[PDB]
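For reference, the chain that follows is the form deposited in one PDB entry, supplied as structure tokens.
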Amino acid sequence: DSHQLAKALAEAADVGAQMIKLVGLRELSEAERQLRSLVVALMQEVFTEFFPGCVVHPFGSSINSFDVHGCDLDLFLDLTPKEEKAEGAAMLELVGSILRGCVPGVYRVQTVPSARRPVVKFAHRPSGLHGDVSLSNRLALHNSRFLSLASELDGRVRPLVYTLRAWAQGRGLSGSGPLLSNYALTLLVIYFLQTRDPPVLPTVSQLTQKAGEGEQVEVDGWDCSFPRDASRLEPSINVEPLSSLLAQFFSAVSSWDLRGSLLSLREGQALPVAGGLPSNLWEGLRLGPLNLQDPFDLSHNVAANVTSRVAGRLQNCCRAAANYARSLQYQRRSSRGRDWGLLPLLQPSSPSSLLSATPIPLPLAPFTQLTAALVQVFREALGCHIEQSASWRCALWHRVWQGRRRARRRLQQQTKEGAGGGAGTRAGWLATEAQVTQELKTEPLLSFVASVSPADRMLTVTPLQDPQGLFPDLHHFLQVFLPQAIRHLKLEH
């Protein structure tokens, strides 16, 4: 791993072969699945001891064929609003107590009622496994089955999802909190596959239409019905190879408009968000920077947790990866020893690249006034030489991001003792901070590019010439300085 993996990928054929080999290397072995099955069997035994006629259904990463080494083992146990909430929570604590106190080998048992779908986190010591026990999630089961079915429908699915998942983990695009879940990312890949000119994957509406006799199923008021096998469904006529589809993925999701679109896997289509239409239809949908609709429960946005910074970092990293995919280093293999193809994508992100990927949130303001205020801040308030979404090239011959404290203190003392410089204000900012900058003091020391997107309005700062490698300091400083600059500039109206 991380060593054997590198040489395994570098040695084999073309890019697609690298993706497939990656799938073969990351996927669970027969022993891991056997162990998981045994643990699930034990859980089943104890839960049957407590709940006669209860079924333990593994869901999530285990049964969806997207499994990787060390992945979570998620178990669904199958057996007045706040009374219902409290009852569900009580049942949850019941199951949690059964886990914590009865079944052999399990430790680390923590009840999580506060989550969207309440769950009991558990760890099993002897097998060295961990996961979530869900009381009610019946949807995760069906959509997991939908994922495995998606893998069975076309062979390129698993390579694309595995490669893009590893890449996302590498670019810091995936995880908990503000980041994208593996499920959300998977649904994004599948959506991409649905929207290709020849479709690679069918729309979920088409699957529901096909369905089958007795294959009809309804969960929580939603239609989960799809064909159980891929044999009753015609294959894809899309001939595009793995690498081409990867590059197309990067380019596509780089060029998409995420705020103005709710991506539907059911209709295999982009539904306009603005204004109000999908939020009026399903009534439960939370709209945000990135909107990706669950194929079954349509009131649920799987990406709804994603902040503007995370979506921005996503599209930036995708544009960069698309810029790499066009290069010869990607398409063609290497003679001896050099990194090619998938390797630069899976390799860890440079701090400069990691910081330049995630943009800087700016105060709300009209695009023109915002750009004007920005270039005014760089030009006037800083020593930046600037030149002409929007973008500008900026050059700094000075250390201006650092040393402002000492200089400001010196100016404070000098002005405290006697007459200083300035223009009389009730809190003006620009000119004063410009003086603070100018009191800190022809090849450019550090040169960088600033870029603002139309929606949402955010500044992306990427390096150009950085001989001394001081760019990240500048980036942090800008993260702090620019928002308050625009903030004080908004109060001049």
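Residues carry their position along the shown sequence, with the first being 1.
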- Counting only residues of the deposited sequence, how many between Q388 and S389 have no atoms in the entry (none, 1 to 3, 4 to 9, 10 or more)? 10 or more
- Query: Hey, how big is the hole between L79 and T80 in terms of deposited residues without coordinates: none, 1 to 3, 4 to 9, or 10 or more?
  - Reply: 10 or more
- For the stretches 241-249 and 156-164, which has the higher mean C-alpha B-factor as given in the deposited record? 241-249
- Message: Which is higher on mean Cα B factor in this entry, 368-376 or 167-175?
- Response: 368-376
- When the CA B-factors of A423, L342, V95, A320 are compared as recorded in the entry, which is the largest? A423
- Query: Per the coordinate record, which of the options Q293, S349, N143, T111 holds the highest CA temperature factor?
  - Reply: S349
- Item | B-factor third for the C-alpha atom of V119 within its chain | middle
- Message: Taking only the Cα B-factors deposited for this chain, tell me whether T460 sits in the lowest, middle or highest third.
- Response: lowest
- By the entry's values, the third containing the CA B factor of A31 is the lowest
- In terms of its chain's C-alpha B-factors, the third that includes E213 is the highest
- Message: Lowest, middle or highest third: which one holds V15 when the chain's residues are ordered by CA B-factor from the entry?
- Response: middle
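Although it is not shown, the form solved in complex with a small molecule is what the next lines describe.
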- Message: To verify the annotation, which of these, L343, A140, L411, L298, has a non-hydrogen atom within 4.5 Å of the small molecule in the entry with it bound?
- Response: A140
- Scan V157, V302, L246, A311 and let me know which has any heavy atom within 4.5 Å of the small molecule in the entry with it bound. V302
- Message: With a cut-off of 4.5 Å between heavy atoms, is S254 one of the residues that contacts the small molecule in the entry with it bound?
- Response: no
- Query: Should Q369 be counted as a contact of the small molecule in the entry with it bound, where contact means heavy atoms within 4.5 Å?
  - Reply: no
- Query: Quick one: does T460 come within 4.5 Å of the small molecule in the entry with it bound, counting heavy atoms only?
  - Reply: no
- How about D72: is it within 4.5 Å of the small molecule in the entry with it bound, going by heavy atoms? yes
- Note on the structure: Among 231-239, 347-355, 142-150, 378-386, the stretch whose residues bring a heavy atom within 4.5 Å of the small molecule in the entry with it bound is 142-150
